[PDB]
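K.L.:
Based on what follows, work out the 3D shape:
(3 chains)
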Amino acid sequence: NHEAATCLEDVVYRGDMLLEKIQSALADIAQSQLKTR
Amino acid sequence: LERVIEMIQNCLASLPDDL
Amino acid sequence: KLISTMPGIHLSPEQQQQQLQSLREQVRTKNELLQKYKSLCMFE
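P.N.:
Numbering: from 1, shown residues only, chains lettered A, B, ... in the order given. Please see the structure below:
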């Protein structure tokens, strides 16, 4: 159960990094589209 | 996670085809 | 002469120049953003 806990934590960490990257990218697209206006 | 990755990939695969 | 006043231009040529420059900058920045996301992969 300890090993399964650390494995779940690792997959959650990879997903969290990918989510923060795509989130910031979408925010930058929205900033550019609003600045062009 | 895998689905999201390939989703991002194909959308990126769409974008130079617009460029 | 009235029929040749019909065409489609009304602004002063300075305003035509402003519009042309602004639209050139718009196409430049949009192509640059799309090229940025062409090159950038958030994933590996």
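
K.L.:
how about the one helix or strand residue C:29 maps to: buried residues?
P.N.:
Element membership for residue C:29, per DSSP states H and E: helix C:13-39. The neighbour-count check on helix C:13-39 (16 or more other Cβ atoms under 10 Å in any protein chain shown) flags residue C:37 as buried. (Each C-beta comes from the backbone N, C-alpha and C, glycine too.)

K.L.:
what residues does chain B put near chain A?
P.N.:
Residues of chain B found near chain A (Cβ under 8 Å from any Cβ of the partner chain) are B:1, B:4-5, B:8.

K.L.:
ok, 7 Å please
P.N.:
B:1, B:8 (Cβ under 7 Å from any Cβ of the partner chain).

K.L.:
Going by proximity to chain C, name the top residue of chain B.
P.N.:
residue B:16 (4.9 Å; Cβ to the nearest Cβ).

K.L.:
who touches that residue in this structure?
P.N.:
By Cβ atoms under 7 Å, 6 or more residues apart in numbering or on different chains, the contact list for residue B:16 reads residue C:38.

K.L.:
The residue in chain C positioned nearest to chain A: what's it in contact with?
P.N.:
In chain C, the residue that lies nearest chain A is residue C:42 (3.7 Å; Cβ to the nearest Cβ). Counting by Cβ under 7 Å, 6+ apart, residue C:42 touches A:18, A:21-22, A:25, B:8.

K.L.:
Most widely separated two among the residues you listed?
P.N.:
Greatest spatial distance among the contacts of residue C:42 (Cβ to Cβ): A:18 and A:25, at 10.8 Å.

K.L.:
Chain A contacts on chain C?
P.N.:
Residues of chain C lying near chain A (Cβ under 7 Å from any Cβ): C:26, C:29, C:33, C:42-43.
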